[PDB]
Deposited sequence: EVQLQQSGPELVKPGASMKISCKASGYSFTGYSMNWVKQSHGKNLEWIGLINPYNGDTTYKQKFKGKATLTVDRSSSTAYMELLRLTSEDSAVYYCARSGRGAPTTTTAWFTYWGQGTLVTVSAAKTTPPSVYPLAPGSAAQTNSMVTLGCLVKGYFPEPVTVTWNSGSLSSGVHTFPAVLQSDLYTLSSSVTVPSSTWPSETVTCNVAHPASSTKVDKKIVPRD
């Protein structure tokens, strides 16, 4: 399998700079252009530029000249994008993407392989761990919930009973208020099976090294 493995989400201060890595595996690294693509939340895709890992030649979209710097490290099969002098306008998901095979030129090549993406958050705000509150309540189905409040930055993960409850699960998109995100999650289970069968909300916020289990205790 060709895999592009990008580095984790970053929170960075305004004015500072940051470096994203893309580790390529399972093909010959120097034979294909590595492209970089930006996606603001609004969700337009923008091409930043590409690098020829064979010799280090780069091509940039004009608006990123002297904003982004692409480099490669051939001995570890890794591509890097350094973002300079960051502003809130640089908060986005960044992708590395490999040229495929078949285009007449390096210009005409399309993108067949993508890394998972790297979320960049440009803020002077401070890392906060979440508060996790249980949402306890009669019909055939009973809806339980979990409130993950006041954390920063993104992301958190929410699973129910370690992954065993998957059906009837809704995790809602976080909402940002005073430099703090709030999200929640609901899970619908058979009423016969609660509270007798314990339902537990698993929340993890790796930015703050927070991992919390909250049992949905009845009222």
Which deposited-sequence positions, grouped into ranges, are missing C-alpha coordinates?
138-142, 225
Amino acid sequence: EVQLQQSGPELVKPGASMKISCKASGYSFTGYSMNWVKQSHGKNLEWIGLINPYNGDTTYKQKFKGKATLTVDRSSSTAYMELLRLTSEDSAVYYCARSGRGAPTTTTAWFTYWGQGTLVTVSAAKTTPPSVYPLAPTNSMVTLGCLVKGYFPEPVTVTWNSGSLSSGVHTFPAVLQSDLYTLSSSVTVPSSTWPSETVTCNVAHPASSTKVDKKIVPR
From here on, numbers count along this sequence of modelled residues.
Which wins on mean Cα temperature factor, 195-203 or 14-22?
195-203
Stretch with the higher entry mean CA B-factor, where the candidates are 184-192 and 43-51
184-192
According to the Cα B-factor stored in this entry, which of the following is highest: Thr108, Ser91, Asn139, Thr112?
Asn139
Highest Cα B-factor in the deposition, which of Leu165, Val37, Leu70, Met34?
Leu165
Please say which third, lowest, middle or highest, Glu154 falls into when its CA temperature factor is compared across its chain.
middle
For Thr30, return the chain-relative third of its C-alpha B-factor as stated in the PDB record: lowest, middle or highest.
lowest
Considering only modelled residues of the same chain, in which third does the CA B-factor of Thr121 rank: lowest, middle or highest?
middle
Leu4: CA B-factor among chain residues, third -> middle
Split into thirds by Cα B-factor across the chain's modelled residues, where does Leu147 land: lowest, middle or highest?
middle
